[PDB]
Amino acid sequence: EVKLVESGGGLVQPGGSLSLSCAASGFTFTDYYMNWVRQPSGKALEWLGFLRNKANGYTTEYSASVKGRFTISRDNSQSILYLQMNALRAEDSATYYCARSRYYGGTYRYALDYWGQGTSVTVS
Amino acid sequence: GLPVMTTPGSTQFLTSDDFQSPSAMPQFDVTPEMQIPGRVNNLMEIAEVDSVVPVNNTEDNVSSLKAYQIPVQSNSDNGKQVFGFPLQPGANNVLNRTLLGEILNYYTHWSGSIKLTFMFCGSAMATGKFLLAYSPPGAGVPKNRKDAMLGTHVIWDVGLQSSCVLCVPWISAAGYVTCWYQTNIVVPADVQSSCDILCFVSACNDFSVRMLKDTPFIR
Amino acid sequence: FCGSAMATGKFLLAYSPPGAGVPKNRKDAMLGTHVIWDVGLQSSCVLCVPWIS
Amino acid sequence: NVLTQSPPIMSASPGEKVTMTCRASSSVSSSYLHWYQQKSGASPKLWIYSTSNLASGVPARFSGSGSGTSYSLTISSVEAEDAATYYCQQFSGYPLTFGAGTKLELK
Amino acid sequence: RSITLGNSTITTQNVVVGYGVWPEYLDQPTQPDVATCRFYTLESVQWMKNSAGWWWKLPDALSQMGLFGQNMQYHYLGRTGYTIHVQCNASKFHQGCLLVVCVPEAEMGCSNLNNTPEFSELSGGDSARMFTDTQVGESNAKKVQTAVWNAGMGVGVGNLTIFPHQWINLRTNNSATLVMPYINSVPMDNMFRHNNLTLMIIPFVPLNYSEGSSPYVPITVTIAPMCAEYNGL
Amino acid sequence: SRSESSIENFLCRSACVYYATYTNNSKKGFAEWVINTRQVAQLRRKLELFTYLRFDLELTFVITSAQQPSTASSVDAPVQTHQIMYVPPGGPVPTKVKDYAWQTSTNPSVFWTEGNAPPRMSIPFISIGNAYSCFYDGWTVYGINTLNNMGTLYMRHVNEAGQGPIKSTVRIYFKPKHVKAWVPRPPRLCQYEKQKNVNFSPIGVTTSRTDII
């Protein structure tokens with residue numbers, strides 16, 4: 001089975017920092033693309049970025065809205081995915097998900113198959 | 001002086017002429033030659049090389065390297081089609097964007113023969129057999145393995161050799177190059193059964209092009 | 001190489017001359033004198049060095 | 001490249017057929033359009049991938065279709081347990097934009 | 001079998017040579033021929049399942065490589081032919097297919113449509129750069145667009161066989177060997193600002209194996225300079 | 001029929017590459033064209049099948065005229081004369097209509113009066129390297145190669161404005177002559193974005209079909 005839990009959300013003064021963390025268990029970690037999606041209170045979804053697998057060199061692809069502020073990474077010891085959020089504003093108050101992608105033929109369609117339970121981040 | 005007499009079509013600019021022209025920079029002493037390797041004297045030398053055919057389009061493999069690979073797996077029904085593609089020119093066929101078919105879009109009339117090489121990129125321990133049917137222009141596409149055998153064909157034993165050549169003619173129903181499972185893919189333990197085939201195309205060295213025009217691959 | 005007949009690999013066989021230090025990477029071991037020993041081709045590689053009292 | 005879903009609020013009794021559409025601004029390829037489902041107080045789930053292919057564990061009542069710049073999703077028979085929000089995702093270039101959301105309430 | 005150059009020795013058991021011609025020699029350029037003519041084995045890359053490709057810019061992978069790298073900082077000019085040995089070693093239970101192609105004057109394309117890529121991104125020195133099987137976005141400024149079906153040059157990747165190349169099919173073949181002559185417009189050029197060859201290795205048919213076998217296969221590239229000479233006194 | 005597929009029969013064809021206008025009395029009317037092969041996209045895709053090219057050059061100018069709306073009272077004009085100056089690579093460049101660099105003795109120009117045959121001129125293989133290069137993997141700014149510089153062309157009237165404005169257009173025709181080509185290369189699949197570079201956005205390999213069989 002696939003289980004994506006995550007943790008780290010909480011309160012933050014606007015203009016500060018916060019670090020989320022996504023813990024992955026149930027699959028080989030170095031073979032799938034891992035995404036970061038946020039959703040505010042009752043609004044549409046918004047894709048922030050992903051991080052490619054080991055065979056493509058762990059490069060990152062941020063969105064144009066958060067490029068330069070946020071940072072996706074991974075830990076080389078264990079299967080933990082990170083998200084360093086810097087320079088928080090008033091409109092970053094949302095629920096942050098953690099998703100996974102896979103190859104359907106041998107091709108990479110850009111779908112997100114398994115989703116995390118969602119941690120909540122709000123500013124004051 | 002010497003009596004001359006100017007004819008019609010004298011002081012005109014016909015863009016397809018060949019006249020001597022006054023040089024803008026004389027006395028320049030142009031740079032001499034140099035032996036650079038790989039000189040092209042004709043465009044038919046570009047067409048004679050082998051190029052991979054994207055025979056597996058299927059509307060989601062075209063933005064991938066999966067467009068070149070034909071899926072071959074060990075199924076349960078004896079006698080099935082692996083692939084098949086017509087030889088009808090220009091109307092979005094698969095030999096169109098290849099390195100041969102990029103030269104034949106610069107001309108309007110061309111006519112000759114085609115090498116088609118297939119290569120089995122599966123395991124070294126996998127065996128099987130394939131039929132390689134060619135339907136001539138006028139004959140229909142075969143719908144069974146049996147009437148595909150009754151036409152012209154090559155039986156390709158994979159365990160013996162891993163490359164089979166099939167030469168057809170291509171002129172500007174026009175043909176079909178279907179291929180069929182003769183036997184299944186027999187494989188040992190701890191070997192994968194999903195194998196792929198690559199297909200190469202070339203020019204069979206003996207053909208001609210006329211009336212150069214411009215390519216339809218532009219805005 | 002007394003391994004299996006189905007195993008493959010490659011080895012470097014570095015020799016440092018007297019005066020040159022021991023190599024600490026594969027890279028600067030390659031920059032000296034060496035033999036690359038393909039195990040799948042042959043199963044025996046010879047390397048001749050001098051030895052002085 | 002933004003996606004508009006219509007209708008925003010949809011109501012229908014169980015047992016009938018109802019459908020929703022997701023019209024793109026520009027041309028999106030047929031393989032890069034997906035459908036998701038988010039219930040109230042739960043994470044989304046992948047429902048249909050590459051506009052025609054059902055995901056794992058999803059019932060056979062759904063079938064997506066559409067091409068070019070107009071895509072749709074049809075429910076053959078509406079049950080009671082599939083009342084949620086349905087989003088459409090695309091990819092023409094980066095970023096990956098989602099839909100606005102189509103809410104299905106049973107009648 | 002067991003060929004040697006200087007103070008190195010590799011072993012081999014089918015060669016494809018350039019554009020038909022063999023490399024040879026030409027103020028006055030001097031001939032250094034014994035001091036750096038040897039086999040420079042770069043480190044191995046790992047061929048995994050969802051791998052996409054690799055590339056090396058050729059008179060730059062030998063820039064941190066020993067006395068060949070010392071002869072570059074001492075000399076403004078030079079002209080060099082090459083000999084490339086590529087072999088990957090897998091069992092008879094793996095399957096795949098590689099294309100080993102040697103491209104002259106391979107301009108790469110940037111991801112942003114206005115800018116041009118940078119030197120740290122175009123070529124890792126003696127280290128392989130990777131293609132990808134996704135798109136590189138337009139938001140980052142100076143990065144190489146590495147959609148592998150376009151081969152980074154905006155072209156059909158199936159048509160890359162017009163360059164001198166060799167196929168490596170694991171079912172039948174084991175290695176490749178290329179001998180590339182000196183291809184340039186000027187007879188002797190600036191060696192610090194020009195990468196006139198590019199060696200690409202692209203897996204057309206991907207690697208596959210059953211459960212139990214070794215989950216990735218190493219590929220080993222060996223370059224040996226032929227007919228190198230520089231200009232200076 | 002294999003003589004239609006030769007290199008000379010493929011590339012020695014005439015092609016309109018530039019189109020500019022200029023008027024005599026407006027003090028900012030004079031034409032200018034830096035000679036590059038990357039102007040028209042159909043000729044560019046043919047020259048980019050090869051890495052190194054070497055050819056002579058032959059240019060022909062189709063200059064026409066038009067009478068602009070003047071004030072009144074019987075505009076009568078004599079026959080007009082134009083100047084087409086060719087600046088070699090590394091020469092002085094004009095920036096106004098009344099400038100010194102029109103009168104320099106090393107920039108050869110033709111003078112042509114309207115109503116005659118068009119003004120052809122011919123330019124040899126003008127470079128220091130032994131071949132023009134279509135692609136260049138390096139720096140001099142990335143991928144420029146300042147050695148395959150062919151020059152510039154400048155156009156103006158030589159008559160002063162008499163009674164009414166007159167504006168003129170020019171179409172430059174381009175014909176490679178005695179072509180040698182080396183190192184063939186796969187033809188481009190993606191579209192063309194900018195003139196200077198090879199930058200692109202990725203596209204599928206070929207047009208698709210529904211099923212493989």
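Each remark here, short or long, concerns the structure printed above.
Parameters and conventions
- Residues numbered from 1 in each chain as written, not as in the entry; some residues may be left out.
- Chains lettered and ligands numbered in written order.
- Part of a larger assembly, values for the part shown.
- Heavy atoms only, no water.
- Residues with missing side-chain atoms left out of burial classes, pairs and counts.
- Helix = DSSP H or I, 4+ residues; strand = E, 2+ residues; numbered from the N terminus.
- Rg over C-alpha atoms; globule rule 2.2 N^0.38 Å.
- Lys, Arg positive; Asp, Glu negative; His and termini not counted.
- Charge placed at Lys NZ, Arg CZ, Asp CG, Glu CD.
- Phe/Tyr/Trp six-rings, centres within 6.5 Å; stacked < 30°, edge-to-face > 60°.
- Buried < 20%, exposed > 50% of the residue type's maximum accessible area, 1.4 Å probe, protein only.
- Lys NZ or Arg CZ within 6 Å of the ring centre and 35° of its normal.
- Pairing = 2+ DSSP bridges.
- Disulfide = S-S within 2.5 Å.

### A closer look at the overall build of chain E
Right, so step 1: Secondary structure assignment for chain E yields three helices and 15 strands.
Right, so step 2: In summary, chain E has a C-alpha radius of gyration of 18 Å against a globular reference of 17 Å for 233 residues, a match within 12%.
Right, so step 3: For chain E, the distance from the average site of its 11 positive side-chain charges to the average site of its 15 negative ones is 9 Å.

### Overview of the packing of aromatic side chains
A ring pair, where both rings are aromatic, is described by two values, the distance of the centres and the angle of the planes.
Right, so step 1: Counted by the stated rule, this structure contains 39 aromatic pairs over all chains.
Right, so step 2: Ring geometry for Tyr68 of chain B against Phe204 of chain E: centres 5.4 Å apart, planes inclined by 75°, an arrangement best described as edge-to-face. Pair noted here: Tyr68 of chain B is in the loop between β2 (51-52) and β3 (70-72) and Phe204 of chain E is in strand β14 (residues 197-208), and the two residues belong to different chains. Accessibility classification places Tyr68 of chain B together with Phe204 of chain E in one group, the buried group.
Right, so step 3: Seen in terms of ring centroids, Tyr32 of chain D and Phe91 of chain D are 5.4 Å apart; in terms of plane orientation they differ by 85°. Their pairing is edge-to-face. Residue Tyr32 of chain D is located in the loop between β3 (18-24) and β4 (34-38), and its partner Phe91 of chain D is located in the loop between β9 (85-89) and β10 (102-106); the two are separated by 59 residues in the primary sequence. The pair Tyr32 of chain D / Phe91 of chain D is uniform in exposure class, with both members buried.
Right, so step 4: Residue placement shows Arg100 of chain A over the ring face of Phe27 of chain A; its charged tip is 5.2 Å from the ring centre.

### Regarding unusual backbone geometry
Residue and element names in this part refer to chain D.
Right, so step 1: The omega torsion across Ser6 and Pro7 is 5°, close enough to zero to call that bond cis.
Right, so step 2: Mapped onto the elements, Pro7 comes out in the loop between β1 (3-6) and β2 (9-12).
Right, so step 3: With phi around 60°, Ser50 is a residue other than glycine that occupies positive phi space.
Right, so step 4: Mapped onto the elements of the fold, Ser50 is located in the loop between β5 (45-49) and β6 (53-54).

### Observations regarding the sheet that holds β5 of chain D
Residues and elements named next belong to chain D.
Right, so step 1: A sheet is described by the order of its strands in space; here six strands give the open sequence β2-β10-β9-β4-β5-β6, paired in mixed fashion. The sheet terminates laterally at β2 and β6, the two strands that pair on one side only.
Right, so step 2: With three bridges joining them, β4 and β5 adopt antiparallel strand pairing. Each residue of the ladder has a partner; that of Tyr36, found in β5, is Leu46.

### Overview of the side chain of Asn96 of chain B
Right, so step 1: Within the secondary structure layout, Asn96 of chain B lies in the loop between β4 (81-83) and β5 (107-121).
Right, so step 2: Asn96 of chain B sits in the buried class, given a relative accessible area of 13%.

### What about the pairing of strand β5 (residues 46-51) of chain A?
Residue and element names in this part refer to chain A.
Right, so step 1: Counting buried residues in β5 gives five out of six residues, a clear majority hidden from the surface.
Right, so step 2: Examined bridge by bridge, strand β4 (residues 33-39) and β5 share five bridges and lie antiparallel to one another. By the bridge assignment for β5, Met34 is matched with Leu51.
Right, so step 3: Count of turn residues in the β4/β5 antiparallel hairpin: six residues, of which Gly42 carries a positive phi of about 70°.

### Some details on the pairing of strand β8 (residues 70-75) of chain D
Residues and elements named next belong to chain D.
Right, so step 1: Judged from the six bridges that link them, β3 and β8 form a sheet pairing that is antiparallel. Directly across from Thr21, in β8, lies its bridge partner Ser72.
Right, so step 2: Bridge count for strand β7 (residues 62-67) against β8 is six bridges, and the pairing is antiparallel. Bridge pairing links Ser63 to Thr74 in β8.
Right, so step 3: The antiparallel hairpin formed by β7 and β8 contains two residues in its connecting segment, where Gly68 sits at a positive phi of about 70°.

### With respect to the state of the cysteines
Right, so step 1: Applying the stated criterion across every chain, the model contains two disulfides over all chains.
Right, so step 2: In this model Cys22 of chain D forms its disulfide with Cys88 of chain D; the gap between the sulfur atoms is 2.0 Å. The S-S bond linking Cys22 of chain D to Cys88 of chain D shows a torsion near 90°; that makes this disulfide right-handed. Residue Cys22 of chain D is located in strand β3, and its partner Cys88 of chain D is located in strand β9; the two are separated by 66 residues in the primary sequence. One exposure class covers both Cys22 of chain D and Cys88 of chain D, and it is buried.
Right, so step 3: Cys167 of chain B takes part in no disulfide bond, and the closest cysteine sulfur to it belongs to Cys204 of chain B, at a distance of 3.7 Å.
Right, so step 4: Using a relative accessible area of 45% as the deciding quantity, one classes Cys167 of chain B as partly exposed.
Right, so step 5: Just so you know, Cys134 of chain F is unpaired, no disulfide at all, and the nearest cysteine sulfur is the one on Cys12 of chain F, 17 Å from it.

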